[PDB]
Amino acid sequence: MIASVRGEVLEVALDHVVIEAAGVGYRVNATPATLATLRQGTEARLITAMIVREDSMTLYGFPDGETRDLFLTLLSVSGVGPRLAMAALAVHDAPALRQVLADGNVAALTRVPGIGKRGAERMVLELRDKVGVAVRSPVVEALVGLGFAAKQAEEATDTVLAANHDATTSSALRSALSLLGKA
């Protein structure tokens, strides 16, 4: 629910920061890297990921949305929870971590405390082609997200994009839907 928190940095710890928004101070966990860029008494905005469990409600912040998204993705792998996800990133910056996950670098992953030889392999297997392996593609992802079949979702997207090129990613989606909604 909480996608971001912007406010006065009240405290910069070694594994988190406290940002005050409208008098409310939110604790947001982060990596040294993300923290290093923060200074007490200054304003700051972090892109967060709110993770609610039965006995907890936690925020994890990052510099950008690309990174925050990467975190959420790490979470989708079996046996990889919030903490381990953060550790992976604390040990390997987003850019590297991604790289490793493409180069199937199992040696590198292992270094992250908590990731065994197998664990690393499951991570590499689960997301090598889900990190980085543009009008068109985005629109079909949107349609597949709404539950449409791929080789049909892309059929609408080509018709739309071809019938109208100047189309933005959003308008393109609206169009595809109108054709899929079968007028």
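The first residue of the sequence shown is number 1, and the count goes up from there.
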Deposited residues missing from the model between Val133 and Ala134 number 10 or more
Between 155-163 and 14-22, the record assigns the higher mean Cα B factor to 155-163
For the C-alpha atoms alone, is the average B factor greater in 101-109 or in 80-88, going by the entry?
101-109
Member of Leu127, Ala142, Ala33, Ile47 with the greatest C-alpha B factor (per the PDB record)
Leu127
Based on what the PDB entry reports, which of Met123, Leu38, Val52, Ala150 has the top C-alpha B-factor?
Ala150
Can you work out whether the C-alpha temperature factor of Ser175 puts it in the lowest, middle or highest third of the chain?
lowest
On the chain's distribution of Cα B-factors, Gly61 falls within the third called middle
